[PDB]
Amino acid sequence: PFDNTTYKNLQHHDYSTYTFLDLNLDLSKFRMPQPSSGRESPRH
Amino acid sequence: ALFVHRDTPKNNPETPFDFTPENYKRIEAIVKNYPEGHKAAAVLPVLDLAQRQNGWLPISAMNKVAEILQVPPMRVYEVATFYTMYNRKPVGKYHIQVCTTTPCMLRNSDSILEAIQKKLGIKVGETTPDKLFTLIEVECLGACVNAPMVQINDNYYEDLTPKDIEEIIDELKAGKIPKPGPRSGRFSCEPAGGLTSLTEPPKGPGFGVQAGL
Amino acid sequence: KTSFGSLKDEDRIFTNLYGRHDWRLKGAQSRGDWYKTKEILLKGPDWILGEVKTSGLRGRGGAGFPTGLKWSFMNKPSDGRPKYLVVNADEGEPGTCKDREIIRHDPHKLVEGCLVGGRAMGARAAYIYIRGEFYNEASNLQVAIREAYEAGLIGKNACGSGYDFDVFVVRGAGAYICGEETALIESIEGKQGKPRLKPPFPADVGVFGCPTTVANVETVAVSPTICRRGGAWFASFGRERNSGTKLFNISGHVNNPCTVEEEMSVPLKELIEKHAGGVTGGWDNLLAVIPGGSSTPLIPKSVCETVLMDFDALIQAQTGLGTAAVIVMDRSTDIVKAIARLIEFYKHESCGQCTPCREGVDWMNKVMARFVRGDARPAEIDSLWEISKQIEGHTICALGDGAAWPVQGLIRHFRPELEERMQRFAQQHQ
Amino acid sequence: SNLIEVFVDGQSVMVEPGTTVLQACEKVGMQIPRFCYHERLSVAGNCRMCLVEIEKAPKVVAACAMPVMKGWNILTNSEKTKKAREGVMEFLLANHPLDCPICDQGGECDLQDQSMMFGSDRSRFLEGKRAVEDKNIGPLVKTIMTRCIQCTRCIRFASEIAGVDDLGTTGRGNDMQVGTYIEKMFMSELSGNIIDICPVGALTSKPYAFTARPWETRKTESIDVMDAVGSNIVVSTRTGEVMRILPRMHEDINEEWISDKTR
Ligand SMILES: NC(=O)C1=CN([C@@H]2O[C@H](COP(=O)(O)OP(=O)(O)OC[C@H]3O[C@@H](n4cnc5c(N)ncnc54)[C@H](O)[C@@H]3O)[C@@H](O)[C@H]2O)C=CC1
Ligand SMILES: Cc1cc2nc3c(=O)[nH]c(=O)nc-3n(C[C@H](O)[C@H](O)[C@H](O)COP(=O)(O)O)c2cc1C
Ligand code: SF4
Ligand code: SF4
Ligand code: SF4
Ligand code: FES
Ligand code: FES
Ligand SMILES: [K+]
């Protein structure tokens, strides 16, 4: 039903100190390979 | 807060520090986020992860990051000293931060800071003797319509009063965690006298789309 | 049209701005998001840029640069280097909280805008830079990006269009100077937040030396709605060269501080009296209003009555729209202490690269502390005006102008108050 | 060819594409004041001394970095250019210590010379000056960081020519300090050139300290015999007594550097 009172952003009360990095680690298996500049480092 | 380091017995290059294997996996994901040839672009998140593991940055996480990412350690020192979110000194468990910019100073954040100071028995930049709190003064934190406000670790406590924030500190001293949000009748950012706008339901998909799309 | 204000709820782009509805993908698709995105990505980058140009959208970061031309600067064949969109969500300017609400409650609008903007200039990926202190907002954005990835809306074969586009989220480490575009580009690359010089523009050399476009969250999150509803619909609001709607953050000495979407040319008095509930103590108690956050000069009560809230109506009133953040100070405000606090804030958040800001912002901080205490003679008011003129226009980035402008506004509109405070201290001390 | 025509004070000169305003003014015979620009280090543009007013443009550009294009008129001695130079030098001398009589750079200081030539004549500063803690980088270079103006020639020389990567800028705002952040000795074979390229007396020569003054040393051009490179040098003496050895400009051997054994 149409609700205009209850706050629906209640997921962020259960965020630990590793949530962002674990989410990034989960996303790291969905992404395309990165382009390469032809050297491993700028000083190589 | 000095920008030069002296080798104390508690902070020396021989201080033991290393990443846990799951943190190594997160570090390798962070490195894989960036293009090849620019592995130095991951200095910020790996250093932040090292801080979240250790609680503070000695001079053993910086050289470990420099060895892992193959960069000169001077660049890691520059990055650590430039940014204010990197703790080069061991802070307490709860890092209280009170924002005293003009949009918060107009709504009397000084009363909140004074109440915290005379509750914990310390001053700005000082830690409790049992290493549980650390009170510093920061700039604007992006919640100016929720002024006054403080930030404790990753939690934003907004629309505070001296009695309410004294109760919040009491809750933290008992080991409990409070709810990171505004403490008045408002929920996130709406006016306290009800919704002036967006009282209509959203129209849903397919509304007002132009012809030919 | 000549009368502006009172935007209807059907015309507001940011539904669920207050967080009262579901912010996840089910809540996003029940409101209009991710609709006909395959057709948008298939109609062409030139078509998307033309729809943006016809809308008359200007940059909501604070510069007011026309977003159509700025996004059309990247429409060039690639020389082998990749091309990047970078969405900036640093939001370190005082008085501004709109982008935090956009990240927290509407992440799907942001990532749909990221996909559309990436198609508009042939970008390879998106690097959303978010503030270090916005941990829960960045986590919500990552959750929404994972939800979009798992449904195939972005990633490989994005929305069944054959376009390749990734979205990445990076986090800052507490530096306001990183909000600048070139400073953000340097901060992404693993360096300090020291801004580069122009030329080279980011369209030629940006992040990792690649072509890059830096765009605000508010100028990205409206692009799908512009491309769906139509450019002329977006250009039907506001005056000429001020087309569209805007998020306004009213804070300070007001009855109800709030973030509200509104038409562009709404009067400031109408905005305060309709959405903020009025000035604390009534409209007669008003002393000063900062129109666009701490970078823009203030205006007093007499000017503030009949000024529209757009770019031209404030430029002609020797101020700027900025981040459209209205800070209200009533008559109980020590305005000199507030401006001295602003100069102290600009003193702390300066990268120190180029010497006029690095020395003179501390100089104005010292003389403003002395002005607040009243320990001065009236000649250093004009000396401070000369110093602020010496900084404005001789720096690498625009933080020097953003620190010089409030001093000039305070001098110009409130020199008698400075003079009487200083002469009162001189009488009481000697 | 690809020569483009630019105007310096109304005088037309030909320049290659990509040439900065500073190099064009040097081609016509004008020397733009500069602090952070060196012809062999990378372009930094963080001292704002080289600001010059291109006509029909209401914003001064940095001559050390901005390239010229066709039809640009460069007003090198206009009113707003001089005002910009005076303001930049006022900001530079706001926090400088009154250490000229105790300085080894006195009489050969770049800052003193272009303050006499392009700066103003008196001070409006009235507050307390800053103070920077002095660092130790070795028994070759004497370091007094209260006099450093953060020109970042240290970092560029150690990162591009010496190739050591041991100098950096730690801090933010007015409290930014050029240093090594730890007790580390900058020991390379080219560690006197940072003394050479420091525009102020922050990095001076430790063996030369408090011995002579530049206006009295007789300069005699000679050849280094320490190595087989054949570096051209200047021996500066004082009353029949060798005081110090400086490099000579010679683009074919030792462009403006020498090894510290020679020095
Ligand atoms: N939103 C915020 O949090 C803050 C906003 N501001 C506002 O930001 C503004 C200053 O920012 P800037 O980025 O310096 O503004 P503006 O000088 O740069 O230009 C805005 C954008 O247009 C591009 N651009 C401009 N001319 C161009 C050209 N000829 N060719 C190619 N690209 C071109 C720039 O690269 C930039 O991305 C002020 O209005 C200030 O009030 C200031 C501080 C904080
Ligand atoms: C010191 C400084 C801080 C800035 N911070 C922000 C910011 O936090 N968010 C923002 O959108 N623009 C900020 N800007 C403005 C940007 O330089 C740039 O105008 C903006 O990121 C993109 O503008 P656009 O809306 O046309 O895309 C800042 C500028 C300066 C000089
Ligand atoms: S004006 Fe200040 S913040 Fe901007 S580049 Fe110069 S020193 Fe840095
Ligand atoms: S470096 Fe130059 S200006 Fe500074 S004290 Fe020495 S001689 Fe004087
Ligand atoms: S010590 Fe000298 S050369 Fe080094 S950064 Fe400072 S002024 Fe420049
Ligand atoms: S001024 Fe305090 S949160 Fe912005
Ligand atoms: S010489 Fe150009 S800014 Fe320093
Ligand atoms: K020197």
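For the protein sequence lines, the chains are A, U, Z and W, in the order given. Here my numbering is used: the first residue of the first sequence is 1, the next is one more, and so on. Here my numbering is used: the first residue of the second sequence is 1001, the next is one more, and so on. Here my numbering is used: the first residue of the third sequence is 2001, the next is one more, and so on. Here my numbering is used: the first residue of the fourth sequence is 3001, the next is one more, and so on. All C-beta atoms in this analysis are idealised placements derived from N, C-alpha and C, irrespective of residue type, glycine included.
Cα separation between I2154 of chain Z and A2126 of chain Z?
As a position in the third sequence, residue 2154 of chain Z is number 154, starting the count at 1. As a position in the third sequence, residue 2126 of chain Z is number 126, starting the count at 1. Straight-line Cα distance between these residues: approximately 11 Å.
Return yes when the C-beta of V3178 of chain W is under 6 Å from any heavy atom of ligand 5, and no when it is not.
If you number the fourth sequence from 1, residue 3178 of chain W lands on position 178. Yes; taking the cut-off as 6 Å, the Cβ of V3178 of chain W has a heavy atom of ligand 5 nearer than that.
Within 10 angstroms of the Cβ of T3020 of chain W, are there 16 or more other Cβ atoms? Answer buried if so, exposed if not.
Counted from its first residue, the fourth sequence places residue 3020 of chain W at position 20. By the neighbour-count rule (16 or more Cβ atoms within 10 Å), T3020 of chain W is buried.
Quick check on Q11 of chain A - is its C-beta less than 7 Å from some C-beta in chain U?
Locating residue 11 of chain A in the first sequence gives position 11, counting from the first residue. Judged by the 7 Å Cβ criterion, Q11 of chain A is not in contact with chain U.
Given the structure, does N2088 of chain Z come close to ligand 2, in the sense that its CB is under 6 Å from one of the ligand's heavy atoms?
Taking the third sequence and counting its residues from 1, the one referred to as residue 2088 of chain Z is at position 88. Checking the Cβ of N2088 of chain Z against ligand 2 gives yes.
Sequence-distant residues of its chain with Cβ nearer than 7 Å to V2367 of chain Z (five each side left out)
For the purposes of this step, residue 2367 of chain Z is taken as residue 367 along the third sequence, with counting starting at 1. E2380, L2384.
Report back the beta-carbon spacing between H1005 of chain U and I3182 of chain W to the nearest angstrom; my notes put them in contact at under 8 Å.
Indexing the second sequence from 1 puts residue 1005 of chain U at position 5. Indexing the fourth sequence from 1 puts residue 3182 of chain W at position 182. Going by Cβ atoms, the distance from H1005 of chain U to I3182 of chain W rounds to 5 Å, so yes, they are a contact pair.
Length of the line joining the Cα atoms of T3076 of chain W and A3044 of chain W:
Within the fourth sequence, residue 3076 of chain W is the residue found at index 76, counting from 1. Within the fourth sequence, residue 3044 of chain W is the residue found at index 44, counting from 1. So the alpha carbons of these two residues sit roughly 21 Å apart.
Does any C-beta atom of chain W lie closer than 7 Å to the C-beta of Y1034 of chain U?
As a working note, residue 1034 of chain U is residue 34 in the second sequence. Chain W contact via Cβ: absent.
Is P2199 of chain Z closer than 7 Å to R3048 of chain W when the C-beta atoms are compared?
Counted from its first residue, the fourth sequence places residue 3048 of chain W at position 48. Counted from its first residue, the third sequence places residue 2199 of chain Z at position 199. No, the Cβ-Cβ distance between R3048 of chain W and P2199 of chain Z is not below 7 Å.
Whose C-alpha, out of U:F1019, U:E1137, U:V1124, is nearest the C-alpha of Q1053 of chain U?
Here the question's residue 1053 of chain U lines up with position 53 in the second sequence. Closest by alpha carbon: U:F1019.
Taking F2 of chain A as the query, report the chain U residues whose CB atoms sit under 8 Å from its CB, ordered along the chain.
By 1-based counting over the first sequence, the position of residue 2 of chain A is 2. Per Cβ cutoff of 8 Å: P1201.
If you measure from the CB of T2323 of chain Z, is any heavy atom of ligand 1 nearer than 6 Å?
The residue labelled residue 2323 of chain Z in the question sits at position 323 within the third sequence. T2323 of chain Z: yes, Cβ under 6 Å from ligand 1.
At a threshold of 6 Å, does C3154 of chain W count as lining ligand 5 (C-beta to nearest heavy atom)?
As a first step, residue 3154 of chain W is located in the fourth sequence; it is residue number 154 there, counting from the start. Within the cutoff, so yes.
Would you check if there are 3 or more beta carbon pairs closer than 8 Å linking the stretch 1160-1168 of chain U to the stretch 2254-2269 of chain Z?
no
Near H2413 of chain Z, what residues of its chain come up, given a Cβ to Cβ distance below 6 Å and the 5 sequence neighbours on each side ignored?
Along the third sequence, read from residue 1 onward, the residue named residue 2413 of chain Z stands at position 413. Answer for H2413 of chain Z: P2300, listed in chain order.
Excluding sequence positions up to five away, which residues of its chain have a Cβ less than 7 Å from the Cβ of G1125 of chain U?
Walking along the second sequence from the start, residue 1125 of chain U turns up at place 125. Cβ within range, chain order: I1136.
On the criterion of 16 or more Cβ atoms from any shown chain inside 10 Å, does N3046 of chain W qualify as buried, or is it exposed?
Position 46 of the fourth sequence holds residue 3046 of chain W. With 16 or more other Cβ atoms within 10 Å, it is buried.
For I1030 of chain U and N24 of chain A, believed in contact at Cβ under 8 Å, the rounded distance
The count along the first sequence starts at 1 and reaches residue 24 of chain A at position 24. The count along the second sequence starts at 1 and reaches residue 1030 of chain U at position 30. At roughly 7 Å, the Cβ-Cβ gap stays under 8 Å, so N24 of chain A and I1030 of chain U are in contact.
Under 7 Å between C-beta atoms, does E2359 of chain Z make it to chain W?
The residue labelled residue 2359 of chain Z in the question sits at position 359 within the third sequence. Output row for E2359 of chain Z: interface = yes.
Comparing the C-beta of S2383 of chain Z with each C-beta of chain W, is any distance below 7 Å?
Within the third sequence, residue 2383 of chain Z is the residue found at index 383, counting from 1. So, interface residue.
Quick one: what's got a C-beta closer than 6 Å to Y2346 of chain Z's C-beta in the same chain, skipping five residues either side?
If you number the third sequence from 1, residue 2346 of chain Z lands on position 346. Contacts found: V2361, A2403.
Determine the burial state of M3187 of chain W: buried for a count of at least 16 other Cβ atoms within 10 Å of its Cβ, exposed for fewer.
Taking the fourth sequence and counting its residues from 1, the one referred to as residue 3187 of chain W is at position 187. Counting Cβ neighbours within 10 Å, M3187 of chain W comes out exposed, since fewer than 16 surround it.
What's the C-alpha gap between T3152 of chain W and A2324 of chain Z?
Within the fourth sequence, numbered from 1, the residue matching residue 3152 of chain W stands at position 152. Within the third sequence, numbered from 1, the residue matching residue 2324 of chain Z stands at position 324. Taking the straight line joining both Cα atoms gives about 37 Å.
For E1158 of chain U, which three-state DSSP category applies?
One-based indexing of the second sequence puts residue 1158 of chain U at position 158. Three-state result, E1158 of chain U: strand.
Does any C-beta atom of chain A lie closer than 7 Å to the C-beta of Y2149 of chain Z?
Translated into positions along the third sequence, residue 2149 of chain Z becomes position 149. Yes, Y2149 of chain Z counts as interfacial toward chain A.
7 Å is my cut-off, CB to CB: does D2079 of chain Z come that close to chain W?
Position 79 of the third sequence, counting from 1, holds the residue named residue 2079 of chain Z. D2079 of chain Z does not count as touching chain W.
Please identify the residue among Z:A2175, Z:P2107, Z:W2405, Z:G2068 whose C-alpha is closest to the C-alpha of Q2390 of chain Z.
In the third sequence, the residue the question calls residue 2390 of chain Z occupies position 390. Considering only alpha carbons, the answer is Z:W2405.
Who are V1145 of chain U's beta bridge partners in DSSP?
Numbered from its first residue, the second sequence carries residue 1145 of chain U at position 145. Bridge partners of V1145 of chain U: none, in fact.
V3225 of chain W classed as buried or exposed, judged by whether at least 16 other C-beta atoms fall within 10 angstroms:
By one-based count along the fourth sequence, residue 3225 of chain W stands at place 225. Burial call: exposed.
Length at least 3, wholly inside the stretch 3048-3082 of chain W: the beta strand (DSSP E) runs in chain order
3051-3054, 3073-3075
For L2085 of chain Z, which of Z:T2096, Z:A2138, Z:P2202, Z:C2097 has the nearest alpha-carbon?
In the third sequence, counting from the first residue as 1, residue 2085 of chain Z sits at position 85. Out of Z:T2096, Z:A2138, Z:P2202, Z:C2097, Z:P2202 has the C-alpha closest to the C-alpha of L2085 of chain Z.
Under 8 Å (Cβ pairs) to chain U, residues found in the stretch 2149-2174 of chain Z
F2168, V2170, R2171, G2172, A2173, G2174
Between which two residues does the beta strand (DSSP E) holding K3219 of chain W run?
For the purposes of this step, residue 3219 of chain W is taken as residue 219 along the fourth sequence, with counting starting at 1. Segment 3218-3223, the beta strand (DSSP E) holding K3219 of chain W.
Measuring from each Cβ to the nearest heavy atom of ligand 8, keep the ones under 6 Å and list them in chain order.
W:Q3105, W:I3195, W:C3198, W:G3201, W:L3203, W:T3204
Which residues does DSSP pair with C2258 of chain Z in a beta bridge?
For the purposes of this step, residue 2258 of chain Z is taken as residue 258 along the third sequence, with counting starting at 1. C2258 of chain Z pairs with Z:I2250.
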